[PDB]
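Visitor: Please find final-v9.pdb (PDB, C-alpha atoms and all ligand atoms) on the next line:
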```
ATOM      1  CA  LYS Q   1     -86.055  -7.382 -27.607
ATOM      2  CA  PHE Q   2     -82.475  -7.239 -26.371
ATOM      3  CA  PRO Q   3     -82.318  -6.725 -22.565
ATOM      4  CA  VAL Q   4     -80.898  -3.383 -21.414
ATOM      5  CA  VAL Q   5     -80.676  -3.094 -17.612
ATOM      6  CA  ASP Q   6     -80.501   0.261 -15.783
ATOM      7  CA  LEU Q   7     -78.238  -0.490 -12.819
ATOM      8  CA  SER Q   8     -79.196   2.773 -11.110
ATOM      9  CA  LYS Q   9     -82.603   1.177 -10.481
ATOM     10  CA  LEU Q  10     -80.972  -1.097  -7.858
ATOM     11  CA  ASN Q  11     -80.796   1.706  -5.255
ATOM     12  CA  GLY Q  12     -84.516   2.004  -4.501
ATOM     13  CA  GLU Q  13     -88.032   0.625  -4.942
ATOM     14  CA  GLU Q  14     -87.454  -0.764  -8.463
ATOM     15  CA  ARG Q  15     -84.711  -3.114  -7.244
ATOM     16  CA  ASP Q  16     -86.748  -6.332  -7.329
ATOM     17  CA  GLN Q  17     -88.051  -5.732 -10.858
ATOM     18  CA  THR Q  18     -84.498  -4.956 -11.976
ATOM     19  CA  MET Q  19     -82.907  -8.039 -10.353
ATOM     20  CA  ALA Q  20     -85.672 -10.124 -11.906
ATOM     21  CA  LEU Q  21     -84.733  -8.746 -15.337
ATOM     22  CA  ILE Q  22     -81.067  -9.562 -14.669
ATOM     23  CA  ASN Q  23     -82.050 -13.137 -13.816
ATOM     24  CA  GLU Q  24     -84.287 -13.419 -16.900
ATOM     25  CA  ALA Q  25     -81.449 -12.303 -19.178
ATOM     26  CA  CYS Q  26     -79.013 -14.705 -17.462
ATOM     27  CA  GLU Q  27     -81.428 -17.621 -18.008
ATOM     28  CA  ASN Q  28     -82.715 -16.860 -21.483
ATOM     29  CA  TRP Q  29     -80.226 -14.611 -23.301
ATOM     30  CA  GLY Q  30     -76.819 -15.191 -21.722
ATOM     31  CA  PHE Q  31     -76.106 -11.547 -22.668
ATOM     32  CA  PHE Q  32     -77.376  -8.195 -21.500
ATOM     33  CA  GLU Q  33     -76.484  -4.517 -21.735
ATOM     34  CA  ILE Q  34     -76.059  -2.331 -18.647
ATOM     35  CA  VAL Q  35     -76.395   1.462 -18.461
ATOM     36  CA  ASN Q  36     -75.633   3.785 -15.535
ATOM     37  CA  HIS Q  37     -72.946   1.253 -14.529
ATOM     38  CA  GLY Q  38     -70.632   3.647 -12.676
ATOM     39  CA  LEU Q  39     -67.847   3.873 -15.230
ATOM     40  CA  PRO Q  40     -67.141   7.565 -16.028
ATOM     41  CA  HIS Q  41     -68.387   8.618 -19.464
ATOM     42  CA  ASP Q  42     -65.220  10.675 -19.963
ATOM     43  CA  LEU Q  43     -63.045   7.613 -19.315
ATOM     44  CA  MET Q  44     -65.004   5.504 -21.821
ATOM     45  CA  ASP Q  45     -64.656   8.326 -24.348
ATOM     46  CA  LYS Q  46     -60.873   8.403 -23.822
ATOM     47  CA  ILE Q  47     -60.467   4.624 -24.052
ATOM     48  CA  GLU Q  48     -62.566   4.674 -27.235
ATOM     49  CA  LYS Q  49     -60.526   7.412 -28.908
ATOM     50  CA  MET Q  50     -57.113   6.036 -27.916
ATOM     51  CA  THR Q  51     -57.982   2.500 -29.036
ATOM     52  CA  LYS Q  52     -59.183   3.690 -32.457
ATOM     53  CA  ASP Q  53     -56.134   5.952 -32.870
ATOM     54  CA  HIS Q  54     -53.767   3.129 -31.932
ATOM     55  CA  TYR Q  55     -55.386   0.908 -34.561
ATOM     56  CA  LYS Q  56     -54.737   3.486 -37.278
ATOM     57  CA  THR Q  57     -51.167   4.246 -36.217
ATOM     58  CA  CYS Q  58     -50.003   0.717 -35.330
ATOM     59  CA  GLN Q  59     -52.424  -2.183 -35.849
ATOM     60  CA  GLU Q  60     -53.591  -1.421 -39.391
ATOM     61  CA  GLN Q  61     -50.161  -1.913 -40.986
ATOM     62  CA  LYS Q  62     -49.769  -5.202 -39.097
ATOM     63  CA  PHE Q  63     -53.210  -6.378 -40.228
ATOM     64  CA  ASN Q  64     -52.540  -5.828 -43.936
ATOM     65  CA  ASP Q  65     -49.131  -7.442 -43.518
ATOM     66  CA  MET Q  66     -50.990 -10.399 -42.014
ATOM     67  CA  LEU Q  67     -53.418 -10.507 -44.951
ATOM     68  CA  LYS Q  68     -50.858 -10.795 -47.792
ATOM     69  CA  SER Q  69     -48.784 -13.278 -45.764
ATOM     70  CA  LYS Q  70     -51.749 -15.685 -45.688
ATOM     71  CA  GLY Q  71     -53.126 -14.973 -49.173
ATOM     72  CA  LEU Q  72     -56.156 -13.331 -47.509
ATOM     73  CA  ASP Q  73     -55.540 -10.154 -49.549
ATOM     74  CA  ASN Q  74     -57.708 -11.808 -52.188
ATOM     75  CA  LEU Q  75     -60.729 -13.673 -50.861
ATOM     76  CA  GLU Q  76     -62.114 -16.061 -53.467
ATOM     77  CA  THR Q  77     -63.696 -18.905 -51.487
ATOM     78  CA  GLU Q  78     -65.219 -19.326 -48.048
ATOM     79  CA  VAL Q  79     -62.686 -19.097 -45.221
ATOM     80  CA  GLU Q  80     -63.858 -21.065 -42.168
ATOM     81  CA  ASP Q  81     -60.484 -21.389 -40.375
ATOM     82  CA  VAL Q  82     -59.459 -17.710 -40.003
ATOM     83  CA  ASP Q  83     -60.973 -14.682 -38.235
ATOM     84  CA  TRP Q  84     -61.030 -11.276 -39.975
ATOM     85  CA  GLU Q  85     -59.765  -9.657 -36.789
ATOM     86  CA  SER Q  86     -56.924  -7.482 -35.460
ATOM     87  CA  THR Q  87     -56.187  -8.074 -31.766
ATOM     88  CA  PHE Q  88     -53.753  -7.610 -28.934
ATOM     89  CA  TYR Q  89     -54.115  -8.621 -25.277
ATOM     90  CA  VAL Q  90     -53.671  -6.706 -22.022
ATOM     91  CA  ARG Q  91     -53.074  -8.724 -18.871
ATOM     92  CA  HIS Q  92     -54.198  -7.180 -15.589
ATOM     93  CA  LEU Q  93     -54.118 -10.094 -13.097
ATOM     94  CA  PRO Q  94     -52.337 -12.151 -11.732
ATOM     95  CA  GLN Q  95     -49.696  -9.796 -13.194
ATOM     96  CA  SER Q  96     -49.943  -6.861 -15.605
ATOM     97  CA  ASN Q  97     -48.214  -6.875 -18.995
ATOM     98  CA  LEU Q  98     -49.233  -3.279 -19.739
ATOM     99  CA  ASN Q  99     -45.652  -2.055 -19.259
ATOM    100  CA  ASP Q 100     -44.332  -4.409 -21.959
ATOM    101  CA  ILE Q 101     -46.528  -3.237 -24.866
ATOM    102  CA  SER Q 102     -43.931  -1.132 -26.677
ATOM    103  CA  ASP Q 103     -46.216   0.864 -29.018
ATOM    104  CA  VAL Q 104     -48.794   2.369 -26.624
ATOM    105  CA  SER Q 105     -48.592   5.764 -24.958
ATOM    106  CA  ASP Q 106     -48.181   6.672 -21.283
ATOM    107  CA  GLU Q 107     -51.684   8.142 -21.265
ATOM    108  CA  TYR Q 108     -53.142   5.013 -22.879
ATOM    109  CA  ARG Q 109     -51.419   2.782 -20.326
ATOM    110  CA  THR Q 110     -52.561   4.858 -17.362
ATOM    111  CA  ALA Q 111     -56.107   5.108 -18.746
ATOM    112  CA  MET Q 112     -56.252   1.355 -19.396
ATOM    113  CA  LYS Q 113     -55.164   0.688 -15.808
ATOM    114  CA  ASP Q 114     -57.883   3.014 -14.479
ATOM    115  CA  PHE Q 115     -60.455   1.383 -16.789
ATOM    116  CA  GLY Q 116     -59.352  -2.153 -15.924
ATOM    117  CA  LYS Q 117     -59.596  -1.575 -12.179
ATOM    118  CA  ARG Q 118     -63.093  -0.086 -12.474
ATOM    119  CA  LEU Q 119     -64.207  -3.011 -14.660
ATOM    120  CA  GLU Q 120     -62.824  -5.534 -12.178
ATOM    121  CA  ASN Q 121     -64.828  -3.832  -9.434
ATOM    122  CA  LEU Q 122     -67.981  -3.906 -11.612
ATOM    123  CA  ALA Q 123     -67.390  -7.575 -12.500
ATOM    124  CA  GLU Q 124     -67.311  -8.423  -8.795
ATOM    125  CA  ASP Q 125     -70.467  -6.406  -8.069
ATOM    126  CA  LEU Q 126     -72.265  -8.129 -10.956
ATOM    127  CA  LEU Q 127     -71.241 -11.574  -9.677
ATOM    128  CA  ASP Q 128     -72.748 -10.803  -6.249
ATOM    129  CA  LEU Q 129     -76.001  -9.847  -8.005
ATOM    130  CA  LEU Q 130     -75.812 -13.228  -9.722
ATOM    131  CA  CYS Q 131     -75.197 -14.804  -6.305
ATOM    132  CA  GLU Q 132     -78.312 -13.130  -4.915
ATOM    133  CA  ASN Q 133     -80.422 -14.248  -7.885
ATOM    134  CA  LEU Q 134     -79.156 -17.823  -7.536
ATOM    135  CA  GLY Q 135     -79.676 -18.053  -3.785
ATOM    136  CA  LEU Q 136     -75.925 -18.273  -3.147
ATOM    137  CA  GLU Q 137     -74.102 -16.507  -0.318
ATOM    138  CA  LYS Q 138     -72.573 -13.114  -1.105
ATOM    139  CA  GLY Q 139     -69.100 -13.518  -2.569
ATOM    140  CA  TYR Q 140     -69.612 -17.220  -3.376
ATOM    141  CA  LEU Q 141     -68.593 -16.807  -7.009
ATOM    142  CA  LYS Q 142     -65.700 -14.482  -6.186
ATOM    143  CA  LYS Q 143     -64.432 -17.102  -3.740
ATOM    144  CA  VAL Q 144     -64.626 -19.985  -6.244
ATOM    145  CA  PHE Q 145     -62.725 -17.902  -8.815
ATOM    146  CA  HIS Q 146     -59.916 -16.882  -6.455
ATOM    147  CA  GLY Q 147     -57.842 -20.060  -6.558
ATOM    148  CA  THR Q 148     -54.516 -19.430  -4.820
ATOM    149  CA  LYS Q 149     -53.341 -16.309  -6.718
ATOM    150  CA  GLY Q 150     -56.658 -14.538  -7.358
ATOM    151  CA  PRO Q 151     -58.705 -14.276 -10.543
ATOM    152  CA  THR Q 152     -57.344 -13.964 -14.051
ATOM    153  CA  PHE Q 153     -58.412 -10.647 -15.561
ATOM    154  CA  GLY Q 154     -57.423  -9.540 -19.042
ATOM    155  CA  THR Q 155     -58.655  -7.325 -21.846
ATOM    156  CA  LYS Q 156     -58.835  -8.323 -25.492
ATOM    157  CA  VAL Q 157     -58.493  -5.154 -27.611
ATOM    158  CA  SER Q 158     -59.818  -5.805 -31.119
ATOM    159  CA  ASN Q 159     -60.813  -4.080 -34.306
ATOM    160  CA  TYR Q 160     -62.806  -5.673 -37.106
ATOM    161  CA  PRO Q 161     -61.711  -3.690 -40.167
ATOM    162  CA  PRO Q 162     -63.672  -3.342 -43.417
ATOM    163  CA  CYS Q 163     -63.845  -6.549 -45.419
ATOM    164  CA  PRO Q 164     -64.402  -6.419 -49.205
ATOM    165  CA  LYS Q 165     -66.295  -9.758 -49.326
ATOM    166  CA  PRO Q 166     -68.008 -10.250 -45.945
ATOM    167  CA  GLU Q 167     -69.897 -13.383 -47.005
ATOM    168  CA  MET Q 168     -66.526 -15.168 -47.363
ATOM    169  CA  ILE Q 169     -65.153 -14.674 -43.826
ATOM    170  CA  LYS Q 170     -66.363 -13.888 -40.307
ATOM    171  CA  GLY Q 171     -64.872 -11.251 -38.073
ATOM    172  CA  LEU Q 172     -64.948 -13.923 -35.339
ATOM    173  CA  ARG Q 173     -66.404 -17.379 -35.831
ATOM    174  CA  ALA Q 174     -69.178 -18.712 -33.609
ATOM    175  CA  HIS Q 175     -68.073 -19.870 -30.155
ATOM    176  CA  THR Q 176     -68.915 -19.706 -26.482
ATOM    177  CA  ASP Q 177     -66.554 -17.997 -24.070
ATOM    178  CA  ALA Q 178     -64.485 -20.333 -21.875
ATOM    179  CA  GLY Q 179     -64.279 -18.053 -18.859
ATOM    180  CA  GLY Q 180     -66.383 -16.474 -16.129
ATOM    181  CA  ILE Q 181     -68.063 -13.131 -16.784
ATOM    182  CA  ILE Q 182     -67.245 -10.968 -19.818
ATOM    183  CA  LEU Q 183     -67.542  -7.144 -19.789
ATOM    184  CA  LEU Q 184     -67.453  -5.703 -23.312
ATOM    185  CA  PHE Q 185     -67.028  -2.048 -24.260
ATOM    186  CA  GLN Q 186     -68.049  -2.308 -27.922
ATOM    187  CA  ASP Q 187     -68.260   0.281 -30.687
ATOM    188  CA  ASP Q 188     -71.380   2.413 -30.251
ATOM    189  CA  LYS Q 189     -72.104   2.889 -33.990
ATOM    190  CA  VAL Q 190     -70.725  -0.049 -36.007
ATOM    191  CA  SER Q 191     -72.662  -3.269 -35.495
ATOM    192  CA  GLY Q 192     -71.199  -6.743 -35.901
ATOM    193  CA  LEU Q 193     -71.643  -8.741 -32.689
ATOM    194  CA  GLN Q 194     -74.521 -11.254 -32.738
ATOM    195  CA  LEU Q 195     -75.757 -13.947 -30.356
ATOM    196  CA  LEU Q 196     -77.805 -17.032 -31.176
ATOM    197  CA  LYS Q 197     -81.219 -17.081 -29.480
ATOM    198  CA  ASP Q 198     -84.159 -19.382 -30.315
ATOM    199  CA  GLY Q 199     -82.857 -20.247 -33.783
ATOM    200  CA  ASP Q 200     -81.989 -16.710 -34.942
ATOM    201  CA  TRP Q 201     -78.858 -14.613 -34.921
ATOM    202  CA  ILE Q 202     -79.686 -11.420 -32.975
ATOM    203  CA  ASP Q 203     -77.501  -8.314 -33.017
ATOM    204  CA  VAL Q 204     -76.110  -6.861 -29.771
ATOM    205  CA  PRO Q 205     -77.079  -3.234 -30.491
ATOM    206  CA  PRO Q 206     -74.345  -0.581 -30.421
ATOM    207  CA  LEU Q 207     -75.295   1.712 -27.542
ATOM    208  CA  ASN Q 208     -73.293   4.780 -26.447
ATOM    209  CA  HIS Q 209     -71.623   4.464 -23.017
ATOM    210  CA  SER Q 210     -73.034   0.982 -22.395
ATOM    211  CA  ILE Q 211     -71.342  -2.252 -21.320
ATOM    212  CA  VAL Q 212     -72.302  -5.664 -22.744
ATOM    213  CA  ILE Q 213     -72.244  -8.499 -20.185
ATOM    214  CA  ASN Q 214     -72.184 -12.200 -20.987
ATOM    215  CA  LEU Q 215     -71.529 -15.409 -19.083
ATOM    216  CA  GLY Q 216     -68.854 -17.971 -19.937
ATOM    217  CA  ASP Q 217     -68.692 -21.777 -19.728
ATOM    218  CA  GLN Q 218     -67.472 -21.592 -16.094
ATOM    219  CA  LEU Q 219     -70.702 -19.991 -14.836
ATOM    220  CA  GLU Q 220     -72.721 -22.635 -16.731
ATOM    221  CA  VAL Q 221     -70.834 -25.270 -14.738
ATOM    222  CA  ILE Q 222     -71.154 -23.508 -11.385
ATOM    223  CA  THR Q 223     -74.859 -22.746 -11.872
ATOM    224  CA  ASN Q 224     -75.511 -26.383 -12.950
ATOM    225  CA  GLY Q 225     -76.792 -25.165 -16.308
ATOM    226  CA  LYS Q 226     -79.238 -22.630 -14.868
ATOM    227  CA  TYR Q 227     -77.304 -19.899 -16.729
ATOM    228  CA  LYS Q 228     -75.919 -21.160 -20.030
ATOM    229  CA  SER Q 229     -72.961 -19.862 -22.021
ATOM    230  CA  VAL Q 230     -74.515 -18.856 -25.362
ATOM    231  CA  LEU Q 231     -73.005 -18.860 -28.869
ATOM    232  CA  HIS Q 232     -71.908 -15.571 -30.410
ATOM    233  CA  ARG Q 233     -70.019 -14.350 -33.476
ATOM    234  CA  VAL Q 234     -68.834 -11.123 -35.160
ATOM    235  CA  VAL Q 235     -69.725 -10.501 -38.822
ATOM    236  CA  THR Q 236     -67.738  -8.142 -41.047
ATOM    237  CA  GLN Q 237     -68.944  -5.408 -43.424
ATOM    238  CA  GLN Q 238     -67.456  -3.720 -46.469
ATOM    239  CA  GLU Q 239     -67.480  -0.320 -44.730
ATOM    240  CA  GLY Q 240     -66.718   0.253 -41.064
ATOM    241  CA  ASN Q 241     -64.265  -0.582 -38.264
ATOM    242  CA  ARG Q 242     -66.021  -2.112 -35.275
ATOM    243  CA  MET Q 243     -64.076  -1.492 -32.064
ATOM    244  CA  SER Q 244     -64.131  -4.135 -29.316
ATOM    245  CA  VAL Q 245     -62.566  -3.817 -25.834
ATOM    246  CA  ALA Q 246     -63.660  -7.032 -24.079
ATOM    247  CA  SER Q 247     -62.514  -7.792 -20.521
ATOM    248  CA  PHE Q 248     -62.643 -11.333 -19.130
ATOM    249  CA  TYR Q 249     -63.025 -12.018 -15.383
ATOM    250  CA  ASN Q 250     -61.925 -15.661 -15.150
ATOM    251  CA  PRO Q 251     -61.024 -18.070 -12.325
ATOM    252  CA  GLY Q 252     -57.425 -18.376 -11.307
ATOM    253  CA  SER Q 253     -55.521 -21.156 -13.029
ATOM    254  CA  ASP Q 254     -55.646 -23.653 -10.137
ATOM    255  CA  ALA Q 255     -59.251 -22.883  -9.125
ATOM    256  CA  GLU Q 256     -61.450 -25.967  -8.616
ATOM    257  CA  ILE Q 257     -64.672 -25.446 -10.632
ATOM    258  CA  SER Q 258     -67.745 -27.504  -9.794
ATOM    259  CA  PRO Q 259     -71.551 -27.108  -9.709
ATOM    260  CA  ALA Q 260     -72.650 -25.300  -6.564
ATOM    261  CA  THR Q 261     -74.188 -27.986  -4.377
ATOM    262  CA  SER Q 262     -77.288 -25.917  -3.526
ATOM    263  CA  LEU Q 263     -78.170 -25.770  -7.256
ATOM    264  CA  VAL Q 264     -77.914 -29.561  -7.650
ATOM    265  CA  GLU Q 265     -80.894 -31.788  -6.915
ATOM    266  CA  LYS Q 266     -80.584 -34.741  -9.311
ATOM    267  CA  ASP Q 267     -76.990 -35.793  -9.957
ATOM    268  CA  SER Q 268     -75.415 -33.022 -12.010
ATOM    269  CA  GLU Q 269     -74.585 -33.560 -15.665
ATOM    270  CA  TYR Q 270     -71.726 -31.057 -15.374
ATOM    271  CA  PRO Q 271     -68.157 -32.031 -14.429
ATOM    272  CA  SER Q 272     -65.817 -30.946 -11.631
ATOM    273  CA  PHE Q 273     -62.364 -29.865 -12.779
ATOM    274  CA  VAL Q 274     -59.444 -27.446 -12.405
ATOM    275  CA  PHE Q 275     -59.804 -24.331 -14.555
ATOM    276  CA  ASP Q 276     -56.415 -24.521 -16.327
ATOM    277  CA  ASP Q 277     -57.277 -28.024 -17.574
ATOM    278  CA  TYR Q 278     -60.412 -26.592 -19.147
ATOM    279  CA  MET Q 279     -58.404 -23.770 -20.734
ATOM    280  CA  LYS Q 280     -55.773 -26.101 -22.197
ATOM    281  CA  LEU Q 281     -58.523 -28.190 -23.821
ATOM    282  CA  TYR Q 282     -60.503 -25.153 -25.034
ATOM    283  CA  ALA Q 283     -57.558 -23.509 -26.806
ATOM    284  CA  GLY Q 284     -57.524 -26.211 -29.477
ATOM    285  CA  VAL Q 285     -61.242 -26.771 -30.008
ATOM    286  CA  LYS Q 286     -62.575 -23.239 -29.518
ATOM    287  CA  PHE Q 287     -64.735 -23.193 -32.677
ATOM    288  CA  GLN Q 288     -66.017 -26.772 -32.277
ATOM    289  CA  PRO Q 289     -69.226 -27.474 -30.267
ATOM    290  CA  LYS Q 290     -69.203 -26.589 -26.590
ATOM    291  CA  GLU Q 291     -70.865 -29.652 -25.064
ATOM    292  CA  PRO Q 292     -68.074 -32.203 -25.802
ATOM    293  CA  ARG Q 293     -65.780 -30.002 -23.690
ATOM    294  CA  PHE Q 294     -67.892 -30.549 -20.570
ATOM    295  CA  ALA Q 295     -68.020 -34.306 -21.237
ATOM    296  CA  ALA Q 296     -64.230 -34.265 -21.760
ATOM    297  CA  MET Q 297     -63.681 -32.999 -18.190
ATOM    298  CA  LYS Q 298     -65.235 -36.201 -16.830
TER     299      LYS Q 298
HETATM  300  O1  LIG O 301     -63.786 -11.820 -28.375
HETATM  301  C1  LIG O 301     -64.730 -12.504 -27.904
HETATM  302  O2  LIG O 301     -64.732 -13.775 -27.980
HETATM  303  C2  LIG O 301     -65.861 -11.760 -27.209
HETATM  304  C3  LIG O 301     -65.869 -10.364 -27.227
HETATM  305  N1  LIG O 301     -66.847  -9.703 -26.623
HETATM  306  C4  LIG O 301     -67.818 -10.369 -26.010
HETATM  307  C5  LIG O 301     -67.807 -11.765 -25.994
HETATM  308  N2  LIG O 301     -66.831 -12.425 -26.598
HETATM  309 ZN    ZN O 302     -66.503 -14.601 -27.178
END
```
The structure in this file should be written as structure tokens.
Guide:
Amino acid sequence: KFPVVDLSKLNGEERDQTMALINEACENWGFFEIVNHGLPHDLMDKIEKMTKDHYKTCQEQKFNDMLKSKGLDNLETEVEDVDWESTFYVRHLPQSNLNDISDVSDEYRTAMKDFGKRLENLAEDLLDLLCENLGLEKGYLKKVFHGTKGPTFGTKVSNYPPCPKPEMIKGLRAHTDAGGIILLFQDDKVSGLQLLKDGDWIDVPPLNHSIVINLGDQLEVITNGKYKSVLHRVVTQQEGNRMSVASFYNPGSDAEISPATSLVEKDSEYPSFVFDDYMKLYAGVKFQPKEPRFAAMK
């Protein structure tokens, strides 16, 4: 069953059982849900409402315009090179782009800034938990990610609108995430996100006021494969609009990424590289298998 971790259980006598569950999910699922994570319920409710409203007022017209312009207004055959997805990006660090998005409101912008800061603080707390589970010094992962300008932190704001013929196209094709740690505020009613575990696609259950955590390729490298980046996709449906507000805590562009030496006994099979070089390779082969990308950094 899909791991849901109650972070409030870290403050007392259940801490060891809870950390152990975090480690077990990191090893065997690559994903887990957290509850009682510190983010105000009211703020999540406001981000949810304003994202859905902005889709209706702005994104939806652009999505249908995109459909006709690619002939995707009439699905007849399988489409394996396009994602049934409506998306824009919000940059937080190194430098925010929030002031340049022309069609969002003052209240949205201010709320997104509040939300983004809180998520960045949670991302850093979660990485220290990972450090503790791995036997690394506190702040080890935060230090590796810093580079010279600090981490890269952005939010992908997506909707997966109803699709008449879901078996013809995915909402988002299977892939692993290139980056560090991913913090997803997903729709709490409409399913669609799945991960691959032990030969089966397993749904990431919609859960009110929860955050979905997963680990990217960079943590697989740093942990010497102890924590693997796992494949995931988004399927469409004929009815429903799945919301997705996914924030990515990634290394800075010039950060040197390598397996932590205390996790390496035998010579590591993972490469040492500069993060931007990984990103430039990933951009073009995102939906191809993950493992050639590690071998390509050698
Ligand atoms: O858009 C993605 O690739 C994504 C979104 N949420 C969680 C993980 N990955
Ligand atoms: Zn992803």
Visitor: If we count only C-alpha atoms, what is near residue 86 in chain Q at a cut-off of 12 Å, once residues fewer than 2 positions away on the same chain are taken out, given as an mmCIF file with C-alpha atoms, keeping the file's coordinate frame?
Guide:
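Here's the written file out.cif:
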```
data_model
loop_
_atom_site.group_PDB
_atom_site.id
_atom_site.type_symbol
_atom_site.label_atom_id
_atom_site.label_comp_id
_atom_site.auth_asym_id
_atom_site.auth_seq_id
_atom_site.Cartn_x
_atom_site.Cartn_y
_atom_site.Cartn_z
ATOM 1 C CA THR Q 51 -57.982 2.500 -29.036
ATOM 2 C CA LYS Q 52 -59.183 3.690 -32.457
ATOM 3 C CA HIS Q 54 -53.767 3.129 -31.932
ATOM 4 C CA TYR Q 55 -55.386 0.908 -34.561
ATOM 5 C CA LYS Q 56 -54.737 3.486 -37.278
ATOM 6 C CA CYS Q 58 -50.003 0.717 -35.330
ATOM 7 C CA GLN Q 59 -52.424 -2.183 -35.849
ATOM 8 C CA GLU Q 60 -53.591 -1.421 -39.391
ATOM 9 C CA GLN Q 61 -50.161 -1.913 -40.986
ATOM 10 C CA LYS Q 62 -49.769 -5.202 -39.097
ATOM 11 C CA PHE Q 63 -53.210 -6.378 -40.228
ATOM 12 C CA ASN Q 64 -52.540 -5.828 -43.936
ATOM 13 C CA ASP Q 65 -49.131 -7.442 -43.518
ATOM 14 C CA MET Q 66 -50.990 -10.399 -42.014
ATOM 15 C CA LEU Q 67 -53.418 -10.507 -44.951
ATOM 16 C CA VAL Q 82 -59.459 -17.710 -40.003
ATOM 17 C CA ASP Q 83 -60.973 -14.682 -38.235
ATOM 18 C CA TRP Q 84 -61.030 -11.276 -39.975
ATOM 19 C CA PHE Q 88 -53.753 -7.610 -28.934
ATOM 20 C CA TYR Q 89 -54.115 -8.621 -25.277
ATOM 21 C CA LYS Q 156 -58.835 -8.323 -25.492
ATOM 22 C CA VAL Q 157 -58.493 -5.154 -27.611
ATOM 23 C CA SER Q 158 -59.818 -5.805 -31.119
ATOM 24 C CA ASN Q 159 -60.813 -4.080 -34.306
ATOM 25 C CA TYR Q 160 -62.806 -5.673 -37.106
ATOM 26 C CA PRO Q 161 -61.711 -3.690 -40.167
ATOM 27 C CA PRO Q 162 -63.672 -3.342 -43.417
ATOM 28 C CA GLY Q 171 -64.872 -11.251 -38.073
ATOM 29 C CA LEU Q 172 -64.948 -13.923 -35.339
ATOM 30 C CA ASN Q 241 -64.265 -0.582 -38.264
ATOM 31 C CA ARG Q 242 -66.021 -2.112 -35.275
ATOM 32 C CA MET Q 243 -64.076 -1.492 -32.064
ATOM 33 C CA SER Q 244 -64.131 -4.135 -29.316
ATOM 34 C CA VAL Q 245 -62.566 -3.817 -25.834
#
```
Visitor: Within 9 Å of ligand LIG 301 (chain O), which residues of chain Q come that close, and what is the closest atom pair and distance in Å for each? Count all atoms listed in the file and give it as CSV.
Guide:
```
residue,atom,partner,partner_atom,distance
Q:31,CA,O:LIG301,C5,8.9
Q:156,CA,O:LIG301,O1,6.7
Q:157,CA,O:LIG301,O1,8.5
Q:158,CA,O:LIG301,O1,7.7
Q:172,CA,O:LIG301,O2,7.4
Q:173,CA,O:LIG301,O2,8.8
Q:174,CA,O:LIG301,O2,8.7
Q:175,CA,O:LIG301,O2,7.3
Q:176,CA,O:LIG301,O2,7.4
Q:177,CA,O:LIG301,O2,6.0
Q:178,CA,O:LIG301,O2,9.0
Q:182,CA,O:LIG301,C4,6.2
Q:183,CA,O:LIG301,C4,7.0
Q:184,CA,O:LIG301,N1,5.2
Q:185,CA,O:LIG301,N1,8.0
Q:186,CA,O:LIG301,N1,7.6
Q:193,CA,O:LIG301,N1,7.8
Q:212,CA,O:LIG301,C4,7.3
Q:213,CA,O:LIG301,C4,7.6
Q:214,CA,O:LIG301,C5,6.7
Q:215,CA,O:LIG301,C5,8.7
Q:216,CA,O:LIG301,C5,8.7
Q:232,CA,O:LIG301,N2,7.1
Q:233,CA,O:LIG301,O2,7.6
Q:234,CA,O:LIG301,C1,8.4
Q:244,CA,O:LIG301,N1,6.8
Q:245,CA,O:LIG301,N1,7.3
Q:246,CA,O:LIG301,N1,4.9
Q:247,CA,O:LIG301,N1,7.7
Q:248,CA,O:LIG301,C5,8.6
```
Visitor: Quote the spacing between CA of residue 163 in chain Q and CA of residue 204 in chain Q in Å to one decimal place.
Guide: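 These atoms are spaced 19.9 Å apart.
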Visitor: Enumerate, as a list in words, the residues matched when the PyMOL selection byres (((chain Q and resi 144) around 8) and not hetatm) is run on the file above.
Guide: residues 140, 141, 142, 143, 145, 146, 147, 251, 255, 256 and 257 of chain Q
Visitor: For residue 268 in chain Q, find every residue with an atom within 10 Å (counting only C-alpha atoms), except residues of its own chain fewer than 6 positions away, and show them as a PyMOL selection string.
Guide: chain Q and resi 221+224-225+258-261
Visitor: Report as a PyMOL selection string all protein, DNA and RNA residues lying within 12 Å of residue 39 in chain Q, evaluated on all atoms listed in the file, omitting residues in the same chain fewer than 3 positions from it.
Guide: chain Q and resi 7+34-36+42-47+114-123+183+185+209-211
Visitor: Please expand the PyMOL selection byres (((chain Q and resi 130) around 12) and not hetatm) into the concrete residues it hits in this file, giving the result as JSON, numbers by chain.
Guide: {"Q": [19, 20, 21, 22, 23, 24, 25, 26, 27, 123, 124, 125, 126, 127, 128, 129, 131, 132, 133, 134, 135, 136, 137, 138, 139, 140, 141, 142, 180, 181, 214, 215, 219, 222, 223, 226, 227]}
Visitor: So what do you get for CA of residue 168 in chain Q versus CA of residue 188 in chain Q, distance-wise?
Guide: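 Answer for the CA of residue 168 in chain Q to CA of residue 188 in chain Q separation: 25.0 Å.
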Visitor: Which of these, Q:49, Q:249, Q:228, Q:74, has the shortest distance to residue 92 in chain Q once you count only C-alpha atoms?
Guide: Q:249
Visitor: Take CA of residue 190 in chain Q and CA of residue 206 in chain Q and report the distance between them in Å, one decimal.
Guide: 6.7 Å
Visitor: Give the answer as one residue: which of Q:109, Q:286, Q:37, Q:293 has the shortest atom-to-atom distance to ligand ZN 302 (chain O), using all atoms listed in the file?
Guide: Q:286
Visitor: At a cut-off of 10 Å around the point (-53.6, -12.7, -10.8) (file coordinates), what residues fall inside when counting all atoms listed in the file? I'd like the answer as a list in words.
Guide: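 All residues meeting the 10 Å criterion around (-53.6, -12.7, -10.8) are residues 91, 92, 93, 94, 95, 96, 146, 147, 148, 149, 150, 151, 152, 153, 154, 250, 251, 252 and 253 of chain Q.
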Visitor: Return the padded bounding box of range 34-52 of chain Q as lines of an AutoDock Vina configuration file: axis-aligned, built from all atoms listed in the file, 5 Å added on each side, with centre and edge lengths in Å to one decimal.
Guide:
```
center_x = -66.8
center_y = 4.2
center_z = -22.6
size_x = 29.3
size_y = 23.0
size_z = 29.8
```
